[PDB]
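Before any comments, here is the structure.
Here, each number is a calculation from the coordinates, and none is a lab measurement. With ideal geometry, Cβ positions are generated from the backbone for all residues, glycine too; neighbour counts draw on all protein chains shown.
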Amino acid sequence: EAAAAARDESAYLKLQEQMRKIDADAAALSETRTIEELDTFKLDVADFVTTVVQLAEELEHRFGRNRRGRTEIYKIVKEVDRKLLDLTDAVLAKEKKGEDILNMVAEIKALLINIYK
């Protein structure tokens, strides 16, 4: 059997894989203007955020190694929500282009990175 990594590390690795899907979705969001794809994207991020936030909660409770306090983590989450909400408005907007869609997503990624580490 292949060697296993610590629970904290094992969760970290898979989170990286989740990002790729978001990155792939970002390309699709640029490729297509349908909101239906966005509906899943907004929810998908919540799963990523919940896992990271929950993971952060466990770090304090279990191992006792948390890089930052809960308050700082929450601040980041609120900013993420606005970006997805703003993007939804753009999709509804009468006018829109591929670059506008991607630009909004590109900054969503940044918010997810600093919580990942």
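Could you tell me which residue of the stretch 1-24 is surrounded by the fewest Cβ atoms within 10 Å (Cβ to Cβ), considering only residues that are in contact (Cβ under 8 Å) with a residue 24 or more places away in the chain and within 20 Å of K109 (Cβ to Cβ)?
Once the filter is applied, the top-ranked residue is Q16.
When you go through (1) without any contact (Cβ under 8 Å) to a residue 40 or more places away in the chain; (2) crowded, with 18+ Cβ neighbours inside 10 Å; (3) not charged (D, E, K, R) one by one for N103, which number turns out not to apply?
With respect to (1) without any contact (Cβ under 8 Å) to a residue 40 or more places away in the chain; (2) crowded, with 18+ Cβ neighbours inside 10 Å; (3) not charged (D, E, K, R), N103 is out only on (2).
Here are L43, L84: which of them is surrounded by fewer than 17 Cβ atoms within 10 Å (Cβ to Cβ), of a type in the set (A, V, I, L, M), under 13 Å from the mean Cα position of the chain (by Cα) and within 25 Å of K117 (Cα to Cα)?
Working: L84 fails: surrounded by fewer than 17 Cβ atoms within 10 Å (Cβ to Cβ).
Testing whether each residue is surrounded by fewer than 17 Cβ atoms within 10 Å (Cβ to Cβ), of a type in the set (A, V, I, L, M), under 13 Å from the mean Cα position of the chain (by Cα) and within 25 Å of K117 (Cα to Cα) leaves just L43.
Does the stretch 40-52 include one or more residues that are over 19 Å from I101 (Cβ atoms), charged (D, E, K, R), without any contact (Cβ under 8 Å) to a residue 12 or more places away in the chain and out of contact with any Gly (no Cβ under 7 Å at 6 or more places or on another chain)?
no
Are any residues in the stretch 89-100 surrounded by 11 or more Cβ atoms within 10 Å (Cβ to Cβ) and either aliphatic (A, V, I, L, M) or within 23 Å of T51 (Cα to Cα) (or both), and if so, which ones?
Hits for the stretch 89-100 are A90, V91.
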